[PDB]
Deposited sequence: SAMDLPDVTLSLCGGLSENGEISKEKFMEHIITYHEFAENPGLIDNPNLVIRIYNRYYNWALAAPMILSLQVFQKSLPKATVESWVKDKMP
């Protein structure tokens, strides 16, 4: 089954798990303010790691479009680039 994705406004990339779950974004919060997608404090939990939106967006998009993760070698080069 496909990986879970979790959103939190915890910041800190510029991260403990207590920090992450204290600021988790609900559906209702996102549905009332989609502009949070540009919030630099937005953190994405996927693959047991923490990413900002600019690093997680391809992985999110690949899962929604092809229902398949980006290859592990692909994720490494996308991240070591940035």
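Residues of the deposited sequence missing from the coordinate set occupy positions 1 to 3, 18 to 21, 90 to 91.
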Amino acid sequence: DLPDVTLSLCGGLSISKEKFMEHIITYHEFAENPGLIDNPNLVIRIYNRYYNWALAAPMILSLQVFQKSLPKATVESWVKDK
From here on, numbers count along this sequence of modelled residues.
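Of the two segments, 54 to 62 and 68 to 76, the one listed with the higher mean B-factor is 68 to 76 (C-alpha atoms only).
When the modelled residues of the chain are ordered by C-alpha B-factor, residue 15 sits in the highest third.
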